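Trainee: What would the 3D arrangement of this be:
(chains A, B, C, D, E, F and G, ligands or ions: 2)
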Amino acid sequence: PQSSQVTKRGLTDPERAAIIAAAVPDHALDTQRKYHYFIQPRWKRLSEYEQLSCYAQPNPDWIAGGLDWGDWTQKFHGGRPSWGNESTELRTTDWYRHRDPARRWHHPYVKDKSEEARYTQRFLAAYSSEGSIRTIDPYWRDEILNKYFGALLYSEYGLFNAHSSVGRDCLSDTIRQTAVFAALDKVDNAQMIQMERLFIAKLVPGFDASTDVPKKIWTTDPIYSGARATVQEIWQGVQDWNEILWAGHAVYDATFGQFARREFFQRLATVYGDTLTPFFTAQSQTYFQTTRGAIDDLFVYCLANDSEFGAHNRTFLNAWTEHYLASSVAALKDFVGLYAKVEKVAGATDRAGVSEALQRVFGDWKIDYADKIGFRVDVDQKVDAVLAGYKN
Amino acid sequence: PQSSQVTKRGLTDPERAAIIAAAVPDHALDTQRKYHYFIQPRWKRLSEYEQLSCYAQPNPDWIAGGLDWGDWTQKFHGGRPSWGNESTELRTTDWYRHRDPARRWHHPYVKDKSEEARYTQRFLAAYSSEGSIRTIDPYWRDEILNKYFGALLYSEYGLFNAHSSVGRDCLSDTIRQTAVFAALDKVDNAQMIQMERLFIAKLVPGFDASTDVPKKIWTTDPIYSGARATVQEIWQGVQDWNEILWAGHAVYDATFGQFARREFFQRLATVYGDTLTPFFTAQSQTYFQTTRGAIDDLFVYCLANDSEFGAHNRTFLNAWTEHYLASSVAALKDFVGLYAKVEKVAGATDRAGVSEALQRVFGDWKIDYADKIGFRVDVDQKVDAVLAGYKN
Amino acid sequence: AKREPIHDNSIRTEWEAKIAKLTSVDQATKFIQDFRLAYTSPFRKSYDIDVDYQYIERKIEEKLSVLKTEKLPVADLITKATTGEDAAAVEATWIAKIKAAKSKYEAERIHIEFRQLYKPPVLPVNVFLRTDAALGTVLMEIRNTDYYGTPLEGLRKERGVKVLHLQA
Amino acid sequence: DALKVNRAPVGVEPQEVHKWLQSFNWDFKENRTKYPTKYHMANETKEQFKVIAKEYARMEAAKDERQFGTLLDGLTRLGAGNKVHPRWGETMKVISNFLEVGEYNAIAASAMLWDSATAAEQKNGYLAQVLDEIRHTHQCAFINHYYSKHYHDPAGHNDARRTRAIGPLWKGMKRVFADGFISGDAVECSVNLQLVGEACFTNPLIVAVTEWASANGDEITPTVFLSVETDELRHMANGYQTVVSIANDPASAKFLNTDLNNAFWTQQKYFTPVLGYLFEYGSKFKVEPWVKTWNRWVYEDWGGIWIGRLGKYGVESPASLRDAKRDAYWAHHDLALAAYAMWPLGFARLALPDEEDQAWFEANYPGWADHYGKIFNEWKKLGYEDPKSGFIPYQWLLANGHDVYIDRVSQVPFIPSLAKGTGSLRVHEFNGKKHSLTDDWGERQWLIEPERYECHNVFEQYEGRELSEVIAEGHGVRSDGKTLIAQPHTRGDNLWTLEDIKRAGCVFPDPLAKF
Amino acid sequence: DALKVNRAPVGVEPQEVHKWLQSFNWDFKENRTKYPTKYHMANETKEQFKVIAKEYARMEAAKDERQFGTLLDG
Amino acid sequence: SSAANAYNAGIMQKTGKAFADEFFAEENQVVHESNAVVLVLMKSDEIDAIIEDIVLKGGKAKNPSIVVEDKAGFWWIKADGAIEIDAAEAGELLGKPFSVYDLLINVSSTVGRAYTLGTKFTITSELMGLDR
Amino acid sequence: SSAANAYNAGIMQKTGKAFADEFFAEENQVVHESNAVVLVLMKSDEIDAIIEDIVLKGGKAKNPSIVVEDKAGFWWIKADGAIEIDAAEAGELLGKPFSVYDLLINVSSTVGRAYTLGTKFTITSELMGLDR
Ligand SMILES: [Fe+3]
Ligand SMILES: [Fe+3]
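Mentor: Numbering: from 1, shown residues only, chains lettered A, B, ... in the order given. Ligands and ions are numbered 1, 2, ... in the order given. Next comes the structure:
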């Protein structure tokens, strides 16, 4: 037995189910069965993603797009509102407009990352069983990958933490989801770099997966000096949550980040016989493109083209881009000194190869971001500024 | 008012639920709640894999390990039994003993492959967006990868179809599951190679993903002449279902297959700037190691060490190994002629590079299979036999 | 008496017509500062537009911000208040002001007035947020010292309320 | 070398990565929280569950698959969505959508705890929590989304994110588990959100409620809510770590008891009357008296296992506890009077206690029959349920001197002439505006911190306007544009329309005009 | 080339791969069934549901998750 | 104790005036320290096996103060000091992969200090970092 | 026809000896060609939406002979000629990704020639490969 009643279930208990059946009307009391039917659909039909996310944020009419009214029930000492317009320089006719093109609410987001989580461990168990690490160039493995890819985890980690004030401060539900998923993907990147190093240590006697050397490199090696300065500024030097997201993803990570992850470690992995690192950078680069789709929508579709404030927002976005592009060019100018430490491979690590890598990165960026906010950029001038740090 | 009765559910309908409750005994009628509690567990405790799989095959006592009795109800014209000892030369005290160490019943098998299916499409959408194909060596992409990796799909496809008679003839449930999952993994490999070529075609104008050139190379190019001869024999030349599984997975695929997939296409992708092919070989190599764990259990733990028939079984396994190893050495001797068409890379494609690759394949194979069945093999001799086809 | 509808009414419409006449940064800055002193916070001069002032404030902010981007050089948007003051100087001045406050009553009015005067778009957002947080830190610490030390009758007097009713 | 390597199958488990997380942070002068806080003590604590991002996603996705299997497959094939007693299906419009905003504000509060954390492990843990609170927002939405599809009254399940703005019970929900977390000291969230909100109130709000759902035929809510709370043990453990750091530092520990008492009172002020009302009045079949649920979960278990154990370390039993226990006994019956009297402003269909309900109320709360019982029965005789009656009890309250006031701090309504819960009316003028406060704890909050508490109340926004116009303007109607979402009965016939409300001639007064 | 490429997001859908599966067979004398049969007519037909291994697994796993949720949970 | 760990222990047995008199008693206007923990497990195939074959066998033999009550959708467990569940022992009982993270899939609520160490989940009355 | 596609049409209406007499009538000892198809959809959230808003709306508009019966755990559908369901139209209705393979998750059974073509699932009375 037990001290408390064993409650009978209304669904199956005969007496309670009969009482319920008698109370339930024999017809529906409305025909409108579409959850939050009044949301304005972005696409040809309202999505479940929109239904579960949109207007969960309880904004009042004095925060553009809000459907509620009145002041907040409790504000900060001094008067700062629970959410407010003072949180960012940008303006819009409706903060709810943003849509992630991937339509991630929480469930598809963790469904997809779970697939990657489980398949990664199966791949590692088989990769170790294969012995394929045997053909990796040992200098790359030990002196470039372990040390400088390790150090890169600190850039991913700082970009992750840049999102903490964004998660508190930003002004709508779909934006908050975009920001938080982006942050988890960044801290995942840092954790995945560390997982690869820990995995190599199990296969290569004497290989040290401690973060001691990567951290010393991140914090004191001139190669990462500019990158660390920019990350520290984006994370802890500002609180405008649109500036954090823009400077973090659309400038710094789209130029320095993409160069380091994709042009350096992923690309050179397939020139030095590294059959392992591409499995890991496949994940960071997939995450970068998913994050980009959502960052693009917030800043290009919504803010740069908002009917009333698009040019106003472009004024700030252009000022931000000038500042953080300068920061990122300096970061890349420092970073390409790393090439002085690698074994020369024609077309990859010589001046022509690095010039073409920077042309892809700055050329892609001009197309993906600069052209869409009206930011003029001379690609060749940015390439040449970075190449000044290349040791011939 | 539909023409047939709207049946009342016994779980929720008050009067049926009350009739059921009156009829259900107030106490359990036995305490043994472990489904097929009498299966002998291979591990510390009975697994759900074993409970769901073991003794589903209705074998009589005259097929070793069967729990039923009597003749089959209906046999082939002539008298061939539904399942029978005539199906294989190998003998055992119990055909049910085999256990996949991955413990795959159907659900965990499709759960894992579904993960790979969905993540693969996300990766391709991101990779195309990334533009990372831009740094691949065009000669590798067009003259070696497209043509000879494409051609390799026919080897995977042939090994897939070798399992058709195995799925019908083999004598226990856990064996049947191992064989069928191995077969789908092989046809997946072939389909994934085609998927990669179809994907590159979307990215590279003038890149032709038709199978015409691959098919012509598989069927007529001397490079695959020995491989195709071996696959044809394993698939359609024999019906002993243990000989098919042993020759297919433990000899041919473990030497020729592993060399072509892992030492040639996967390894050289990371020497020619190919950031795409490793994503695909990551799957076929993961699948190879999972298959190997189950094939290993069947032939080493169960058959080569069967308490009554182990030496008897090694007599056949040794004779099969001698024959199909000679077939595979010939296949490899043909195959290494492909190195005459690749750009030279010291330590990878020179004679020292190919020799070390063959030392890994034949040396790994000696540990993974030959040593376990008592098959003597001189690794250096087989390496030198293959290097006679290497053109320096 | 009788409120008009919540989201569309003659008070909001009339204030929007006033805002439409603002044509310079200087004029909009005096407008928003005077508005925030007259109509926001417990120390406001008037509750005559209580259910509309927050929306109206948003509309003034939008006008001032567009005027800033149309008229000011980029560097002014980052480093200057629209009063023309240096933003970092504004920060230092008000932090020192609140740290010199001698009671929670002095400190609270300094924080409240900082926001009335310098809420964005008057001060750049980044500078404002870190200034507002530094002020709030000081104000919270002094208020949460001996929080229960003064009986309600005493707190009522210190606040200066007119007690209209106390149920037995 | 190129030939020899260990080919044993190995991977990397989550705890192997996690042990390196603490080293991911680095030192620089600007590395500190952005948010105002009183708490500056050392807080280099260890995360009690070693989650990394991949494992976070694996764990949560496994929970989801089972949950959505039960909902979309099993319960749908059983038609379970319409096997709920109408009172309970109406109660879930409110419980799930109100809880939704609590979870939504908990995303932001947890982001503040992430920002103010200094240990990488705790920044990691608060991110997992931030993610969970998004998960819970979408779970609460999914409940109402499912009810919209499968239950006999989708109105109000299908649009609460706008129709909630009409009514006065929503105002207090924006404070209790919302503004009261995110608008304040960020390190303090380890006290208000976590030590109080998650460790005390989520258990009755999210777990104990599933038994009431089940009793009333709802197997949807147990399927989701029980999964929701599985995330909470990680959340509670995150905040406990910080509480320890606070207690161990003498300068920070001198703030903790006042923050705990203010958090406890803020949360219980609304949670105690409103959830007790929803449990007891929004059910047919009752599990146990609310005051016992509260005694079990709040006073004895949370109070003894968390607060009483921490008393060894200088944490004090909240001084407001006695006032709260009186609320636990009567405040939800007080609230029922207001809920039923002002029913047109809500988004749910209500049911007056029936004869066996009334006997249960009187058995468990002696004195109920002669006070609340007699009022509800007089309202029924006057035509409470009948759309042709022209009767709405709010006007009846005023004609007998039973004014309704709104607390300027908690937004909880107060009827001093009928209330048996804790409260007494205080009305102050300050700088030309009148304010009504209702208890000693909120009056102190308002007197010390007026600029935190400027919430407009429904009488201020609706003054002088007629009731049906306010409802129509706020979209409180079904798809025909005329029948109210809200109803004073749960039957399928004789639903009230805007014209039915209009005939009552209810116009909003200024309750403080008399002072 | 090394700088210019189409960066539109694309994958490869199951029917795109399925299109090529008939070409996976090749001709050899021994390529025929092992089992006795009376039926020797031409039988070069098309499969009505264009399934590949990856999509097979995805479809069936989705069915399973719903089924096992209902059983083990609800 | 076992009697004190019942859901309806003590005042919870009383009804009407008797309940109200104890509820409003002067001595019951402050919290009282409790050495107990409360663990809520949501009902599922795996949890029901764990309840019957771990908690109510090895667990209760170790800690006889354990009380389990049926609350329809969940199991309510209260005990003195601590409750522990070993996911490795659960995995053996269930016959399927079952890490401590898998154990947490259906652990719904905790009143007490909870943590995982190795394959074991523990909820304890101990105040780690404060108690010695 | 609509009447002929009722589950209990024709002899299925008869009981007792009336049923036996037709069941054993000489002319009912050989099969009779039917132009109907039968489609079984197992009940789920997605299928119940498809039934109400596609099969019973546009489907029955185009094919008025459609009969849908409630069989507790599944929908039994019988129609003259053919039944089709466009997975893209269903995905529009559901607001979530929904290929033709997703549609098949709850398409349980088919009496007739079934196949997919693009986003559309079809079951038809036609004998493809024989009918011209
Ligand atoms: Fe939550
Ligand atoms: Fe929480």
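
Trainee: Correct me if wrong: residue D:350 contacts residue D:491.
Mentor: No - using C-beta atoms under 8 Å as the test, residue D:350 is too far from residue D:491 to be in contact (11.6 Å). All C-beta atoms are positioned from the backbone trio N, CA, C, and that covers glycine.

Trainee: between the two, who's got more neighbours?
Mentor: residue D:350 (21 against 14; other C-beta atoms under 10 Å in any protein chain shown).

Trainee: Now do the more buried one against chain A, distance only.
Mentor: 14 Å (C-beta to the nearest C-beta, to the nearest Å).

Trainee: residues in contact with the closest residue to that residue other than its chain neighbours?
Mentor: Of all residues not flanking residue D:350 in the chain, residue D:343 sits nearest, at 5.3 Å (C-beta to C-beta, 6 or more residues apart in numbering or on different chains). The contact partners of residue D:343, by C-beta atoms under 8 Å, 6 or more residues apart in numbering or on different chains, come to D:350, D:392, D:486, D:487, D:488.

Trainee: Switch these over to TSV; also include secondary structure.
Mentor: Shown next, in TSV, are the contacts of residue D:343 (DSSP: H, G, I helix; E, B strand; the rest coil):
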residue	secondary structure
D:350	coil
D:392	coil
D:486	coil
D:487	strand
D:488	coil
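
Trainee: for those, which one is nearest residue G:82?
Mentor: Using C-beta to C-beta, residue D:487 is the member of these that lies nearest residue G:82, at 46.0 Å.

Trainee: Any figure for the gap between the spatially closest residue to residue C:20 that is not a sequence neighbour and residue G:98?
Mentor: In space, and not counting its chain neighbours, residue C:20 is closest to residue C:63: 7.9 Å by C-beta to C-beta, 6+ apart. Using C-beta to C-beta, to the nearest Å, we find residue C:63 at a distance of 47 Å from residue G:98.

Trainee: Ok, residue D:48 next?
Mentor: 41 Å.

Trainee: Repeat that for residue D:246.
Mentor: Taken as C-beta to C-beta, the span from residue D:246 to residue G:98 is 51 Å.

Trainee: Which of the two has more residues huddled nearby?
Mentor: Applying other C-beta under 10 Å to residue D:246 and residue G:98 shows that residue D:246 carries more neighbours, namely 24 against 20.

Trainee: which strands and helices sit next to the helix or strand encompassing the more buried one?
Mentor: Using DSSP states H and E, residue D:246 falls within helix D:232-248. Under the contact criterion of 3 or more C-beta pairs under 8 Å, 6 or more residues apart in numbering or on different chains; DSSP states H and E, helix D:232-248 touches helix D:86-116, helix D:120-150, helix D:250-253, helix D:256-281, strand F:107-111, strand F:113-117.

Trainee: what residues does the shortest one touch?
Mentor: Helix D:250-253 is touched from outside by D:38, D:39, D:40, D:41, D:245, D:246, D:247, D:314, with contacts defined as C-beta under 8 Å, 6+ apart.

Trainee: still on that earlier bit, can you list the helices and strands packed on helix D:232-248 in a markdown table and add mean neighbour count?
Mentor: Compiled in a markdown table, those are given as follows (neighbours: other C-beta atoms under 10 Å in any protein chain shown):
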| stretch | mean neighbour count |
| --- | --- |
| helix D:86-116 | 27 |
| helix D:120-150 | 26 |
| helix D:250-253 | 14 |
| helix D:256-281 | 25 |
| strand F:107-111 | 26 |
| strand F:113-117 | 21 |
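
Trainee: which residue ranges form the helices in the stretch 251-400 of chain D?
Mentor: For the stretch 251-400 of chain D, the helices defined by DSSP state H, counting those that start in this stretch occupy D:256-281, D:290-294, D:309-310, D:321-326, D:332-341, D:355-364, D:374-382, D:393-399.

Trainee: now those in TSV, with distance to chain E?
Mentor: As requested, those are exported to TSV (distance: least, C-beta to the nearest C-beta, whole Å):
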stretch	distance to chain E
helix D:256-281	24
helix D:290-294	25
helix D:309-310	34
helix D:321-326	36
helix D:332-341	32
helix D:355-364	30
helix D:374-382	37
helix D:393-399	41
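
Trainee: Show me the one of those helices that comes nearest chain C.
Mentor: helix D:256-281 (4.6 Å; C-beta to the nearest C-beta).

Trainee: what angle sits between that closest one and helix D:232-248?
Mentor: If you take axes from the mean of the first three to the mean of the last three C-alpha atoms, to 10 degrees, helix D:256-281 sits at 150 degrees to helix D:232-248.

Trainee: For the closest residue to residue F:80 other than its chain neighbours, what are phi and psi?
Mentor: Of all residues not flanking residue F:80 in the chain, residue F:65 sits nearest, at 4.1 Å (C-beta to C-beta, 6+ apart). Torsion angles at residue F:65 (phi, psi; degrees, to the nearest 10) stand at phi -80, psi 0.

Trainee: can you count the residues close to residue F:65?
Mentor: Using other C-beta under 10 Å: residue F:65 sits among 17 other residues.

Trainee: check which helix or strand covers residue F:33.
Mentor: Counting by DSSP H and E, residue F:33 is part of no helix or strand.

Trainee: where's the spatially closest residue to it that is not a sequence neighbour relative to residue D:300, distance?
Mentor: Leaving aside its chain neighbours, residue F:33 sits nearest to residue D:308 (3.4 Å; criterion: C-beta to C-beta, 6+ apart). Distance of residue D:308 to residue D:300, given as C-beta to C-beta: 9 Å.

Trainee: Residue F:52 too?
Mentor: 27 Å.

Trainee: can you give me the helices for chain F?
Mentor: F:16-23, F:45-50, F:60-62, F:87-94, F:100-103 (DSSP state H).
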